[PDB]
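Undergrad:
Residue numbers (the authors' numbering), protein chains in the order written: chain A, 1 to 14, 16 to 56, 59, 61, 67 to 86, 88 to 122, 124 to 131, 133; chain B, 1 to 4.
Written as structure tokens, this is what we have:
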């Protein structure tokens, strides 16, 4: 659920998911269209696509449990939806950390009309 | 706290 992904973001990047990642580029937070504008925006694209492969699960509200062995994210057993929602979120957070160095403030509150084109998952 |  969003409660875990956000805590996971915060743990990983240091930044609060809202506002840092709730309205970035074209795909972080409202994804529907356009070309992702950068690494961080591509993470959100792959993340939206990850949720997309689970049409019968509920990413935002279904809670899963995870632990850290040292720095590592390890998804605990749950229902199959929960394990797979957890895997998509783990990916996004790693992806966010690996591209912190290019995170740009100019892509915060990015306007919608500047997001043009379908890109396929 | 996050996202859509």
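Even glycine gets a Cβ: it sits at the ideal position worked out from N, Cα and C.
1. Looking at the unbroken beta strand (DSSP E) that takes in residue 77/A, where does it start and where does it end?
2. Quick one: is residue 114/A near chain B, going by C-beta distance under 8 angstroms?
3. Chain B beta carbons: is any one of them nearer than 8 angstroms to that of residue 75/A?
4. I'd like to confirm the pairing. Which residues does DSSP put opposite residue 104/A in its beta bridges?
5. For residue 22/A, go through chain B and note every residue whose CB falls closer than 9 angstroms to its CB, in chain order.
6. What residue does the alpha helix (DSSP H) around residue 50/A start on, and which one ends it?
7. Between residue 14/A and chain B, is any beta-carbon pair separated by less than 8 angstroms?
8. So does residue 121/A have its beta carbon nearer than 7 angstroms to some heavy atom of the ligand MN?
9. List the residues of chain B that residue 53/A touches, going by C-beta distances under 7 angstroms, in chain order.
TA: With the given structure in hand:
1. That run of the beta strand (DSSP E) goes 75-77.
2. Not closer than 8 angstroms to any Cβ of chain B, the Cβ of residue 114/A fails to qualify, so no.
3. Chain B contact via Cβ: absent.
4. Looking at the DSSP assignment, residue 104/A forms no beta bridge with any residue, so it has no partner.
5. The answer, in chain order, is 2 and 3.
6. If you look at residue 50/A, you'll find it in the alpha helix (DSSP H) that goes 40-53.
7. Taking CB atoms only, residue 14/A has no neighbour in chain B less than 8 angstroms away.
8. The model on display carries no ligand, and the ligand MN is accordingly not part of it.
9. Chain B residues near residue 53/A: none, gap ~13 angstroms exceeds 7 angstroms.
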